[PDB]
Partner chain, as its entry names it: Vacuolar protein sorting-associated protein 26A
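A lone chain, given as structure tokens: the form solved without its partner chain.
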């Protein structure tokens, strides 16, 4: 089920990598049996980093960034949203 995590940036960043499609939209793919448009996901978590401590997990799919729905979003849209805040990031994620 979707959950919200708050992550405070360190000087070296949030401590995770995001990976996913360049383009907008695309074929539906269910995540834990629920239909969604394509989602960007967390492809790495820095051990001991901010994301790790906040409970972000490898493979987490990203549904919202800073209160903005990113279902079907381009990679650039999600990166730009993650970078929107000076030091805080709020994600809605789905663990797989």
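We call the rigid core whatever largest set of C-alpha positions still superposes within 1.5 Å between the two forms. Residue numbers count along the first chain shown, from 1.
Checklist entry - Of 51-59 and 25-33, which one has the bigger average CA B-factor? => result The stretch with the larger mean CA B-factor is 51-59.
Next on the checklist: Which is higher on mean Cα B factor in this entry, 70-78 or 9-17?
Outcome noted: The recorded data point to 9-17.
Checklist entry - How does residue 89 rank on Cα B-factor within its chain, lowest, middle or highest third? => result Middle third by C-alpha B-factor.
Not on display, but discussed next: the form solved in complex with its partner chain.
Next on the checklist: Please determine whether residue 33 contacts its partner chain in the entry with it bound, using a 4.5 Å cut-off between heavy atoms.
Outcome noted: Within the cut-off, so yes.
Item to check | Proximity of residue 27 to its partner chain in the entry with it bound, heavy atoms at 4.5 Å | outcome: Yes, residue 27 lies within 4.5 Å of its partner chain in the entry with it bound.
Checklist entry - Using 4.5 Å between non-hydrogen atoms, is residue 68 touching its partner chain in the entry with it bound? => result Contact check for residue 68: no, nothing within 4.5 Å of its partner chain in the entry with it bound.
Checklist entry - Within 71-94, which residues have a heavy atom closer than or equal to 4.5 Å from its partner chain in the entry with it bound? => result The stretch does not touch the partner at all.
Item to check | Sole member of 54, 31, 42, 39 with a C-alpha shift of at least 2 Å between this form and the one not shown (core-superposed) | outcome: By this measure, the answer is 31.
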